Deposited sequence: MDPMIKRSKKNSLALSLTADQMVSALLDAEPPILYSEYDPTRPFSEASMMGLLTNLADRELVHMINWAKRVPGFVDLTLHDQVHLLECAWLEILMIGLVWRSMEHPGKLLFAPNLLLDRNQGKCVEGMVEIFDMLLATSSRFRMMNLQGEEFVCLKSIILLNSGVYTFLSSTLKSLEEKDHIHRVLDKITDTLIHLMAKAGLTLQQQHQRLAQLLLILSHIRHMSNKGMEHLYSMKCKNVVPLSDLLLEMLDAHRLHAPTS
């Protein structure tokens, strides 16, 4: 709002949720672990959202809408970030580092694993920075449900300013700044795609009683159909 670029970055960095652990595999047990983790992460996600500058200035109705829309995108970009320095693997948790082929343990999962791994590869290629990552995650929260207004578009502009500030600080030329900004935002289209796909997969797992899902996770899934 009246934050400076560095203030915005520090605030987003401070607001970061913790990295959670799993338990120290059939379809049922892997889906169990992943959905148990997701549920626990969601509780921290809600707290993080309240610390994204501008978010609590929104109505409760809007806060609910944005989180219900964005939650899987947000879990996924977190996963991809965690996984960046682990080529070919997904670091769901520090004690749950899954190779690409372990995705085959759940029907329909390997295709989603491949999309996530490709995203992690793309971040690695771009040398995505932590400060850029937290900007992107906030943009996902504020953007993904916003057409379904002006104060939010102002906050979104401020985060764009913050990304550009980071790139200028890194020594990028004007041309390089705009190109990199575009590269980063285009990855959000891919994160949306993966979330759409992941949502259908979870739904399908829900229908099959493959796995007990928490009330919270059921309500978050439910918002999408």
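Sequence ranges absent from the coordinates, based on the deposited chain and numbered from 1: Residues missing from the model, as numbered along the full deposited sequence, span 1-14, 39-43, 168-178, 256-261.
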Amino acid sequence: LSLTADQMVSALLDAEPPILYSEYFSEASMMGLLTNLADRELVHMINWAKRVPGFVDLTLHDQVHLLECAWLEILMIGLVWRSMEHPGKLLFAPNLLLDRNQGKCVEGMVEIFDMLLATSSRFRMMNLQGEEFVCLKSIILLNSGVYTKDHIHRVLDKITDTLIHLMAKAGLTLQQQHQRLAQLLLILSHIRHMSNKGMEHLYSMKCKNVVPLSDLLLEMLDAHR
From here on, numbers count along this sequence of modelled residues.
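What we label the rigid core is the largest C-alpha set whose atoms superpose within 1.5 Å from one form to the other.
Divergent stretch in 4 other deposited structures of this protein, 93-101 or 71-79 [C-alpha RMS, superposed by the core]: When 71-79 and 93-101 are compared in 4 other deposited structures of this protein, the bigger C-alpha shift is seen for 93-101.
Residue 211 not built in a third or more of the other entries: Comparison shows residue 211 dropped in at least a third of the other entries.
Average Cα temperature factor in the PDB entry - higher stretch of 72-80, 113-121: Of 72-80 and 113-121, the stretch with the higher C-alpha B-factor average is 113-121.
Between 152-160 and 179-187 (mean CA B-factor, as deposited), the higher: Per the PDB entry, the higher value belongs to 152-160.
Among 47, 196, 59, 173 - the residue whose C-alpha B-factor is largest in the record: Each of 47, 196, 59, 173 was compared by C-alpha B-factor; the highest is 59.
Selection by C-alpha B-factor (highest) of 105, 93, 135, 142: Out of 105, 93, 135, 142, the record gives the largest C-alpha B-factor to 105.
Within-chain third of residue 66 by Cα B-factor, per the entry: Lowest third.
For residue 166, the third of its chain into which the C-alpha B factor falls: CA B-factor rank for residue 166: lowest third.
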